[PDB]
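Chemist: Quick one, what's the 3D model for this:
(4 chains, ligands or ions: 3)
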Amino acid sequence: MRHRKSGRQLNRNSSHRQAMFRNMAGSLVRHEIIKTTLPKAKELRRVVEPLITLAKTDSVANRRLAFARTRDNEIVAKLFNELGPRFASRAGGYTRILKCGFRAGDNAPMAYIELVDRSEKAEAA
Amino acid sequence: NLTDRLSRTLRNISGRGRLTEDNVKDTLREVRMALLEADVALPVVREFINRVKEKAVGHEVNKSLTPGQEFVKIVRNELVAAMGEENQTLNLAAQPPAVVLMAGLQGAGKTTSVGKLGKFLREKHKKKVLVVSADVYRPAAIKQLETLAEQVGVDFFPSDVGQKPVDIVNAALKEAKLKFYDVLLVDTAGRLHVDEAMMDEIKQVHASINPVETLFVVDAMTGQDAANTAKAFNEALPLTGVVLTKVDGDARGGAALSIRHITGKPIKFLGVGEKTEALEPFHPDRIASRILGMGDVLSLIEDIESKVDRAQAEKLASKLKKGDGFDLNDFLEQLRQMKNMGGXXXXXXXXXXXXXXXXXXXXXXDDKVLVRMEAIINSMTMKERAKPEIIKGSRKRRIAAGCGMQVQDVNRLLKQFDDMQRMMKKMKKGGXXXXXXXXXXXXXXXXXXX
RNA sequence: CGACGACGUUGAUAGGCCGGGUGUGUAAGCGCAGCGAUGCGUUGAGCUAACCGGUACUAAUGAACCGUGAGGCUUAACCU
RNA sequence: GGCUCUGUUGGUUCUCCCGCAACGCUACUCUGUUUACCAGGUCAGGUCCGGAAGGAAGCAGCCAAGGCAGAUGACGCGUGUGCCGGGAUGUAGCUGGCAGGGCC
Ligand SMILES: Nc1nc2c(ncn2[C@@H]2O[C@H](COP(=O)(O)OP(=O)(O)O)[C@@H](O)[C@H]2O)c(=O)[nH]1
Ligand code: ALF
Ligand SMILES: [Mg+2]
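Modeler: Numbers count the residues shown, from 1 in each chain, chains lettered A, B, ... in the order given. Ligands and ions are numbered 1, 2, ... in the order given. Below you will find the coordinate block:
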């Protein structure tokens, strides 16, 4: 009985999940857009975005904290020098999810997932 | 004057560097005064100037011709972006009846706007419209709205000065819901932000009818008071948009920028005239384009810019089409260079290990084959060349009939072109030394020719 | 699993975001004290899942598709 | 001290016609590009006939031309401008002057 229970198992044990979301988060932040399964990507929301909320306030504490979330310096320095300023005036909803066809091998539903400003800052550059 | 002042400023201060904050001083001052003469709210002017600074720090200006021109371009882009987007329209989707509330100062043209929107929604949107006058103050205002409604062919809800705005708009809303009206237009009395009773009145009305659309009607000639009016009206009511009137005048109309910045509400309408049939949609680029007068300076510049644009476009497209990969164009070039330079006798000598296995006389004559190939290629359109994968049987028929040969030969040359494309693709993917050393002579067994 | 329930922009259905509650128990940095471990001050600090209250920031699409066009015969009882 | 309506006259609005001057609207065409063979012209290359002389079917390119757009002159449909324009017409409506009564 699942009542009011949040989080999705995705057929992995605990630590495995945690890690997978760290690298998925890292990967997204780095490329600003990725293609993954639908449910993995609905769980990624709940990781990546709070990171962003973290970067919207700059201090040594938060740098460190997000490092402990993602374990990468490239990712954190990007987070605070780019995404922090970028989304500064927006409330939540930093990611957009777009469903597409099915992974040909296993027939899984796929979704691109991306930062909302992926487009306009890739055009203006 | 803008272009002249900016160009003069950027020329006299600095030579050709990459533009820096120190050079934008007099620029920002002249732009400031330009907006001050444009009747733009001073805080809006400053807050815009800040953005101009932010854009000035990273200037790519150095590579262009006229710095003032592209600076003008940046300012125009920022201003248009500040004006909002286009195709802004009231939400007539809404659950009928759609209630539109009017708000503004005295003599703002709210009533005429009600008439205009009445005719506009009636004729173009095929909507059933009911109009009502909440003004018990202004003499013959109700008669005016009734007259306009009679002219635009829109039903009018009777009202008098002996009644109260609340009961009036409530009875109007009730009548709109009972008769299944599509759109309910509510005209209200012009009021000042310093008036408490009138603000409480329009607040009680807005709370009563719960309009899906709340419009703010302000004159285009409005001065620095536009800031106070916009702020007060925005804080008093949740405006769904702003309606600018008397735009046809020679007025600068910076009040639009003022209200747009402060309220944050988009402008959905621009009154182009006094008459009811005259109305225009709000175009950010059009409004942000002109506060000025000039001549003969901008034409040549726009011409030169167009020339540079089309030149850079064509030159980049030419490299882009050739940069897609290997095609029948490069194949054609290599084939004509082949038939001109054809080395069959010499290439038989140049090759050593392939001649020891394959036959010595197996080399085909270059002239006939390559002339055939050239001529058959000459039967092909430019599209079938750059994009070889669209070639089908009927096109092969056209080609074969054009060159006066058999379709199988066309298929043969398409096969050879497929081989050449594959090979050159392998040359592009790997090294020429790894790929030249990866070339292998196929032998189906250690017996020769078997 | 089908199924039932809510919602699909005229929208609080989901996540986010803001506020609270809860839980843990005074973060990190800095300053002071001590030879040093550690302690004291900033400080009930910092973080906080599934909770509660708000907020259209992201996704809930304009459409299309299924479904039709007054509904058998007989008899009776009223009605022309 | 004001007003109304008759006699006469000056304007104005509406309906019809027209002049001068002063502001504003479609369909076609000129440029921008587009359309493989199956509308057309030139038709390279190649190919067909001939010893030769030369002709021929016709691909591509180009030009019409056919799609889609950026605006050029005349036709078609309108007008709170001025000459209080010139007229026709109302048994009309509105307004003013004058000769005035009468009502307060
Ligand atoms: N030129 C022009 N005049 C306008 C516009 N809107 C209103 N007016 C003028 O405003 C005058 C009356 O304004 P009104 O509607 O009565 O003011 P409100 O009822 O308080 O909003 C009219 O004589 C119009 O000529 C417009 O968009 N353009
Ligand atoms: F003149 Al108004 F409302 F008609 F102030
Ligand atoms: Mg009014």
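
Chemist: Over to the residue of chain A found nearest ligand 2: give its phi and psi.
Modeler: Nearest residue of chain A to ligand 2: residue A:89, at 36.6 Å (C-beta to the nearest ligand atom). In this view, the C-beta of every residue, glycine as well, is placed from N, C-alpha and C. With angles defined as degrees, to the nearest 10, residue A:89 sits at phi -90, psi 0.

Chemist: For stretch B:337-346, buried residues please.
Modeler: By neighbour count on 16 or more other C-beta atoms under 10 Å in any protein chain shown, the buried set for stretch B:337-346 is residue B:338.

Chemist: Helix, strand, or coil at the closest residue to residue A:44 other than its chain neighbours?
Modeler: Nearest residue to residue A:44, sequence neighbours excluded (C-beta to C-beta, 6 or more residues apart in numbering or on different chains): residue A:24, at 5.4 Å. Of the three states, residue A:24 takes helix under DSSP: H, G, I helix; E, B strand; the rest coil.

Chemist: before we move on, what about residue A:113?
Modeler: Here residue A:113 takes the strand state, with states given by three-state DSSP.

Chemist: And the residue nearest to residue A:44, how far from residue A:63?
Modeler: 21 Å (C-beta to C-beta, to the nearest Å).

Chemist: returning to that earlier point: next, count neighbours for the residue of chain A closest to ligand 2.
Modeler: 7 (other C-beta atoms under 10 Å in any protein chain shown).

Chemist: need the contact list for the most centrally placed residue in chain A.
Modeler: For chain A, residue A:48 is the residue whose C-alpha lies nearest the centre (C-alpha atoms, centre = their mean; 3.2 Å). Neighbour list for residue A:48: A:24, A:25, A:28, A:29, A:94, A:95 [criterion: C-beta atoms under 8 Å, 6 or more residues apart in numbering or on different chains].

Chemist: Residue numbers of chain B in contact with RNA strand C?
Modeler: B:91, B:93, B:94, B:95, B:212 (C-beta under 7 Å from any atom of the strand).

Chemist: Go ahead and confirm the first one touches residue B:100.
Modeler: No: applying C-beta atoms under 8 Å, one finds residue B:91 not in contact with residue B:100, separated by 9.9 Å.

Chemist: Those two: who's more crowded?
Modeler: Comparing residue B:91 with residue B:100 by neighbour count (other C-beta under 10 Å), the higher total belongs to residue B:100, at 29 against 11.

Chemist: Relative to RNA strand D, how far out is the spatially closest residue to that one that is not a sequence neighbour?
Modeler: What sits nearest to residue B:100 in space, not counting adjacent residues and going by C-beta to C-beta, 6+ apart, is residue B:213, at 4.4 Å. Plainly put, residue B:213 is 28 Å away from RNA strand D if you go by C-beta to the nearest atom of the strand, to the nearest Å.

Chemist: Is it correct that residue B:213 is in contact with residue B:101?
Modeler: Yes: counting by C-beta under 8 Å, residue B:101 is a contact partner of residue B:213 at 6.9 Å.

Chemist: Which one's more surrounded, these two?
Modeler: The neighbour comparison of residue B:213 against residue B:101 (other C-beta under 10 Å) goes to residue B:101, with 25 against 22.
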